[PDB]
Amino acid sequence: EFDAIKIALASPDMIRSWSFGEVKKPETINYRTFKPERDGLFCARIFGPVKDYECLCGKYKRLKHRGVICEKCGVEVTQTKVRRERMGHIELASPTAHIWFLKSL
Amino acid sequence: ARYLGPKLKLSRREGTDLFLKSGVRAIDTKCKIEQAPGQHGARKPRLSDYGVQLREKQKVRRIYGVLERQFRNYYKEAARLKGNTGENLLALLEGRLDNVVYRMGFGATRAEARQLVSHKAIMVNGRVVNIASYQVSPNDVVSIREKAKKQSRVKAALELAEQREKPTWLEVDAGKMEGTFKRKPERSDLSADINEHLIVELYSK
Amino acid sequence: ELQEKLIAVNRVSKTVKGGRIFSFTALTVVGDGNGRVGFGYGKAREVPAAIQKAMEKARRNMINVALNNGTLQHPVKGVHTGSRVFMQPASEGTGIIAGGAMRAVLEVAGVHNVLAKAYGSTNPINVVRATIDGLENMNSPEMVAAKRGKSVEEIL
Amino acid sequence: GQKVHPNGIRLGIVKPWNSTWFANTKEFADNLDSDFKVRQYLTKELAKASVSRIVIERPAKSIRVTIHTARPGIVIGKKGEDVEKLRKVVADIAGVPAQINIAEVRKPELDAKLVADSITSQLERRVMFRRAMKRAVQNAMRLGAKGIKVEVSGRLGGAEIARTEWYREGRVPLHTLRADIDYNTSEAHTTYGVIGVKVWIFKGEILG
Amino acid sequence: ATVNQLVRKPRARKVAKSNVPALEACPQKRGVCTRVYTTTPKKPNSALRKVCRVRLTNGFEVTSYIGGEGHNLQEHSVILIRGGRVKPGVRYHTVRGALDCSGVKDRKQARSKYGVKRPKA
RNA sequence: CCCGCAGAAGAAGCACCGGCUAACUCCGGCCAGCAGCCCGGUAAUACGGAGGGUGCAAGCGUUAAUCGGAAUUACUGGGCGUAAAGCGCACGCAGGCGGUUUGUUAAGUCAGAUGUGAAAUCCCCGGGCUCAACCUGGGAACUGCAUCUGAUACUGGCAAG
RNA sequence: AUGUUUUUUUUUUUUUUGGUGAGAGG
Ligand SMILES: [Zn+2]
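Chains as they are written, first to last, in the authors' numbering: chain AE, 16 to 120; chain J, 2 to 206; chain K, 10 to 165; chain I, 2 to 209; chain R, 2 to 88, 91 to 124.
Right under this line is the structure:
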């Protein structure tokens, strides 16, 4: 299936290629209900729908159009484990050097 | 010439959220969106073949706020035009000035947008257009005029839109309050739940 | 994955010494939204059971239909008993222009675009059968080429 | 009125009696009356508790009741609080020292009377009678009844013309005396009228 | 059927006669009530159906049904008939609320169909 | 046509809700009434009123009238043993159709051109009235008719077999 | 020898497929 594991540095183009959406707002969740934040840390469009094959907000409640993204939801339409593999990226305003390459001794 | 009654009732009847209210407050809180209107709401027997089609037609009409004769005319036009009929119809519907405005985000609802259009707030290529049914063309810039630019409602609408997903077929500026209708939208850009085909069939009786 | 449409349900009687024994016939049709279609005609003392039976029948003895995209490959006539049926391929967008039992069969079959008239009888059971026959007989371009000893470009 | 009562025909063989006492012609009628009273009371009380069979048995100027119920917990309540309460009232009804025993009914889906009661309840709370009947039949079958029949009659779905409908499953031999046929009946006092529910449950044949 | 045959003698169109000939292709006609009366309908129905024999403007003597509950019509009352047959020999209806025929009293639904003005409140 | 003024202000009804047919409940005795075709005799989703709904909307119903559905006069596109429909049977003029080969003709047939087929209307791409209807530029079309020049498989004529 | 000789609506829809810290045993 696969030979050796390769480790290298992460270019900003490589980190934008990993990503699926810029995580802007720090707002985690709503906390008074059950819904998350659009668009905060735990987003919908950047990552995926909490429920499997469902727009979290409201459209597609069967198995026909898996993928459509309406403007009222700003949500993808895939599996419950799809968010576990998808990662976001934070556009750091000011450059910050890595601590692992500045203090490794 | 307009539907002036309860908006959420229509939505309830349809089954779906038609976006007849701004979207500050969720539709489930404002009304029993699952339950149909009237005394006999909880009862829900499977509809007929004709009936489903009719319902579908209503939904679309409701969404845009287009009465029957006009709708029929639009359908006819679509049929006349080359390409897929339902798609064409959809495009035509989109093309309406009020709808475009709504998309841009100068109206909270489509109704609001329509009202704005009526009240000589909107200009298309620097010329005040008052007709909600005005079919906006490709590359036709459409803007709020300087008199109506100070209104608090407009900014609210814009804000609402910003929360809502941005359509690919337009390009809008919040500061300038002018949007360019870049191209007539593809079927993929529009909502998937609308069965245009049913509508087409209904008129092809 | 399979979609199934109960076309009609009809109450049928048998006279006996006491009086009339009633029963119910269910005509259903099932399809995968591609070539495969199958109608089933089930019968029972109660409706739901009958319907179930019909569905079961449908699910076995399916039939394949060559579909050029969303529509048919050429105009095709199909007859069965009273019901004689004409159906004609049509351009994307036009929808299923067809009446009653005939429509249902088409829908499941995964034809999206047809112009179809049912001449003669419109007795659901017969008409669906006719439709099925029409679909079945309808040959594709490739098939025709194979038959004739030619390439597809020779036939166009 | 064609059929013989399935319990009644089998009392000598496979089915036992409910009231189980001896009395001379003098005291017999009175005893019967007492039984009727107590039973009536019990039915009134333990309606919410699923009660199948009250078995009265009076030796030596003292009445022994035995309540067969699906859920003892609701009949007993707190340990010896409700039962005790019941007892004194029973005694009063009789005019003798009372003793209540409570038998726990294993498999209330196979007890016919209970099933009937359930069906009646369902009818009262406006379900589809047919669906209820199906449920009754199915459940019994699942539980291991050799067979079951249920019948419901009159004003079904509030219809003007009354009719009877019935569902059988497995085998329910009524002519066979040695067959353990648990039969019982109930009545749904609906808005349109009464709906009578009969149910036969065939546990199996006894060999002796 | 045979093409030659057809040529010789072409296909005859089925000439359908009008079931309301006293109108003479008019939407309504004015008429005077020659007499007003009740009649019993055929099986399986049972009623006293109110009807008037009307001499029309164009000369025909017809009989016209009178719809709604109650009517003011007498002999020599000028009424408008509209066509429509009650399911023997009545092929026309009096238009309630036209000429001398009054609108139906105390009616609130389908008011148009019985000449009734909109109730004020 | 544009600008200014005031204030939600002056501005919603009609039909329908038994099935066909989108929309259901309660209250009033084969009467009163309904009805396009197929209810009402005391629990009427069918009559009348109400509440609730559905469809249209400055209109909405009804009537009349035409085509449609009606492949129900079937050229496209039906039939006739029993459903309506094979003359009782023949001969036979007119008429319709006509085995096979060659030659010729070129009437039918086909091709191209020319003339015409008024404008408006319809349809296509445009333009102008804020949009639309409406107006409007150019095209296409007007399936035809006539004439000229070809083609000659098929049908016809003529000549020989 | 003989039967169109007491008709009236006593009406058609399913089910559907988690960190932190403390203590004990070995
Ligand atoms: Zn969605």
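Using N, Cα and C, we set each Cβ at its ideal position, and we do this for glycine too.
- About 6 Å separates the Cβ atoms of J:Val142 and J:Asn126, confirming a contact at the 8 Å cut-off.
- Listed along chain J are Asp18, each with a C-beta nearer than 7 Å to that of AE:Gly73.
- Residues of chain AE with a Cβ closer than 7 Å to the Cβ of J:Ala193 are, in chain order, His80 and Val83.
- Here DSSP, grouped into helix, strand and coil, assigns K:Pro98 to strand.
- Within the region 52-78 of chain K, complete alpha helix (DSSP H) segments of at least 4 residues are found at 56-68, given in chain order.
- For I:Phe130, the enclosing alpha helix (DSSP H) begins and ends at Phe130 to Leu144.
- Comparing alpha-carbon positions, the option among J:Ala37, J:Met178, J:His198 and J:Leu48 lying closest to J:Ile123 turns out to be J:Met178.
- Here K:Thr37 really is in contact with K:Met64; their C-beta atoms are around 5 Å apart, less than 8 Å.
- In the three-state DSSP reduction, K:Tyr128 falls in the strand class (E or B).
- Neighbourhood of AE:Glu86 in chain J, by CB distance below 8 Å: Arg165, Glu166, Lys167 and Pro168, in chain order.
- Under the Cβ distance rule, J:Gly84 counts among the residues neighbouring chain K, one pair being separated by less than 9 Å.
- DSSP places I:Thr121 in the uninterrupted alpha helix (DSSP H) bounded by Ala113 to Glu125.
- In the three-state reduction of the DSSP assignment, AE:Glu37 falls in the strand class, which pools E and B.
- AE:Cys58 has its CB no nearer than 8 Å to any heavy atom of ligand 1.
- Closest in C-alpha terms to K:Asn43, from the list K:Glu116, K:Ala125, K:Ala127 and K:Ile16, comes K:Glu116.
- If you draw a straight line from the Cα of I:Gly209 to the Cα of I:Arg172, it comes to about 21 Å.
- Under the 9 Å criterion on CB atoms, J:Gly108 is classed as non-interfacial with respect to chain AE.
- A distance criterion of 8 Å places the beta-carbon of AE:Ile84 in contact range of ligand 1, judged by its closest non-hydrogen atom.
- At a cut-off of 9 Å, the C-beta of AE:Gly89 has a neighbouring C-beta in chain J.
- At a Cβ-Cβ threshold of 9 Å, I:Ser53 and I:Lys114 count as neighbours.
- In this structure, the C-beta of AE:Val90 approaches ligand 1 to less than 8 Å from one of its heavy atoms.
- Ligand 1 approaches AE:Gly73 closely enough that one of its heavy atoms is under 8 Å from the residue's Cβ.
- J:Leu82 carries a coil assignment under DSSP once its states are collapsed to helix, strand and coil.
- The beta-carbon of AE:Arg31 is placed no less than 9 Å from the nearest beta-carbon of chain J.
- Rounded to the nearest whole angstrom, the CA to CA distance from K:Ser160 to K:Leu76 is 19 Å.
- Contact annotation: in the region 82-101 of chain K, residues whose CB is within less than 9 Å of a CB in chain J are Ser100 and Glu101.
- The region 185-192 of chain J makes no contact with the region 103-123 of chain K: fewer than 3 CB pairs, one atom from each, lie closer than 8 Å.
- Contact between I:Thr70 and I:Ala50 holds, since their C-beta atoms are separated by about 6 Å, short of 8 Å.
- Of all alpha-carbon atoms in I:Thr21, I:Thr67 and I:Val90, the one lying nearest the alpha-carbon of I:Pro60 is that of I:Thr21.
- Taking 8 Å as the upper bound for CB-CB distance, I:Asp112 and I:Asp181 are not in contact here, some 12 Å apart.
- The beta-carbon of K:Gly104 is placed less than 9 Å from the nearest beta-carbon of chain J.
- For I:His190, the enclosing beta strand (DSSP E) starts and ends at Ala180 to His190.
- Relative to ligand 1, J:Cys32 has its C-beta separated by 8 Å or more from all heavy atoms.
- In this structure, R:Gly71 sits away from R:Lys30, with a CB-CB distance that is not shorter than 9 Å.
- A straight line joining the alpha-carbon of J:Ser119 with that of J:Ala133 spans about 7 Å.
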